[PDB]
């Protein structure tokens, strides 16, 4: 199977006067490339996929593909939906814009059955010929892609090559790689990046890497090269920022950090997302002061 692994970044989508800041988006993606990042995830959950239009979805996938062109950096485009017909459309569309693969979240809100999840993802995989990475985040979706459903999908469809897990369940991460050791388990939970990698995980799709791309990539590459003592050291010193970046729902804290670090120009969200509490604003700024934040 063709795969997309390593240190990956769920990119924020900077706004300026209600529109996508196409200059900051490109500037931010070349900052990721210059710090050892292996792939970028445009218009994911961290990029406020829910409040973006279809034309903004296309623009940012295109900017990612073009900014990475020539580099070894891959583009793993966010293309998911709780409607199967729409998920297939978004997958085909992503391929037409030059993405190397798609990240497809489990259908949210409507809670499909395990059988339905299989048929949902099977249709998506047969629409395109590019890698498909599943995204399991039950706290947000209200549903769980079971270990047997993930493995069945991995074995039955070529392009499904693994799953990005955000479930805080290291038991499940042992379960997966013990019954199907060939899949690519990707951490979608920054705080436990090292434990997932040390059990055979082959990458992360990180939120913290928006602010500290150099540290997240070093952590990932240390682990893949089996230097677990140096990988754990970075994971240990990243814990404080890893937790405070979720003091409120992602991506509210990370955009606050990016704005405070001067990497984005305005602290703008699209409703129902908004600026954080005054207390958490100070707590994010305080925790930031103990990390050296790479510039442009």
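Positions refer to the first chain, counted from 1.
- When the mean C-alpha temperature factors of 269-277 and 14-22 are read from the deposited coordinates, 14-22 comes out higher.
- Of the two segments examined, 69-77 and 117-125, it is 69-77 that shows the higher average Cα temperature factor in the deposited entry.
- Of the residues listed, 144, 96, 190, 175, the entry assigns the biggest Cα temperature factor to 96.
- Ranking 39, 264, 247, 43 by the C-alpha B-factor listed in the PDB entry places 264 at the top.
- Ranked by Cα temperature factor within the chain, residue 136 sits in the lowest third according to the deposited record.
- Annotation for residue 227: C-alpha temperature factor in the middle third relative to the rest of the modelled chain, per the entry.
- Sorting the modelled residues of the chain by their CA temperature factor places residue 86 in the highest third.
- Residue 183: CA B factor lies in the middle third for its chain, per the PDB record.
- Ranked within its chain, residue 167 lands in the lowest third, by CA B factor from the PDB record.
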